[PDB]
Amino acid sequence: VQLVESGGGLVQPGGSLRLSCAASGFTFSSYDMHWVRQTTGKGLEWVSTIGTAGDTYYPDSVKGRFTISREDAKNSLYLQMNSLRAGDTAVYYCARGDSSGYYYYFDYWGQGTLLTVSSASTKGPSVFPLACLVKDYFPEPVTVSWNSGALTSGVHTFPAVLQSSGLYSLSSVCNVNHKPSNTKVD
């Protein structure tokens, strides 16, 4: 039973973006699906529920701006976001809903997809070998693996550090991949 989000990236304030969830391993049409976001400080927030009868539900924070939908024939779930404000910046999880009795709970989550609302331009990171430093990129995130993923044993990747210039810095101790700008460096 898997859920794989996609659609996350940088977007203009007032802008628009559509998230996508690819479900497998279960009878998709049978279960309610949800979007939950996660933000710094302001924790996990429920964003949207779609039922199994075309019923859709939203909190006021998001109501009128976001539309959830599903294509049960394409095992797919979608979140169409409009009028994206600054604080809509979060990691967006696609989650399966289920009840045992009257008791409802989110029983499977995706891996998350990061959306960043910002007026800031995207910039590609410089990659330099530590005889790897990944420096000066926007927005998050960057990913590091070694030799395609042949060596993940004995590898510590450090979380980003927001700089004074407003860019990010990251170290890993390699294939660096900054998706939001398209950069593949070795």
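All residue numbers refer to positions in the sequence shown, first residue = 1.
Asker: Between residues given as residue 173 and residue 174, how many of the deposited sequence are not built: none, 1 to 3, 4 to 9, or 10 or more?
Answerer: In the deposited sequence, 10 or more residues between these two have no coordinates.
Asker: Averaging CA B factors per stretch from the PDB record, which one is higher: 94 to 102 or 77 to 85?
Answerer: The stretch with the larger mean CA B-factor is 77 to 85.
Asker: Should the higher mean CA B-factor in the entry be assigned to 7 to 15 or to 163 to 171?
Answerer: Between 7 to 15 and 163 to 171, it is 163 to 171.
Asker: Can you pull the Cα B-factors for 43, 149, 51, 59 from the entry and say which is highest?
Answerer: Of the candidates given, the C-alpha B-factor peaks at 149.
Asker: Select one of 33, 36, 127, 68: the residue whose C-alpha shows the highest B-factor in the crystal structure entry.
Answerer: It is 127.
Asker: Ranking the modelled residues of this chain by C-alpha B-factor as given in the entry, is residue 27 in the lowest, middle or highest third?
Answerer: Bottom third by C-alpha B-factor.
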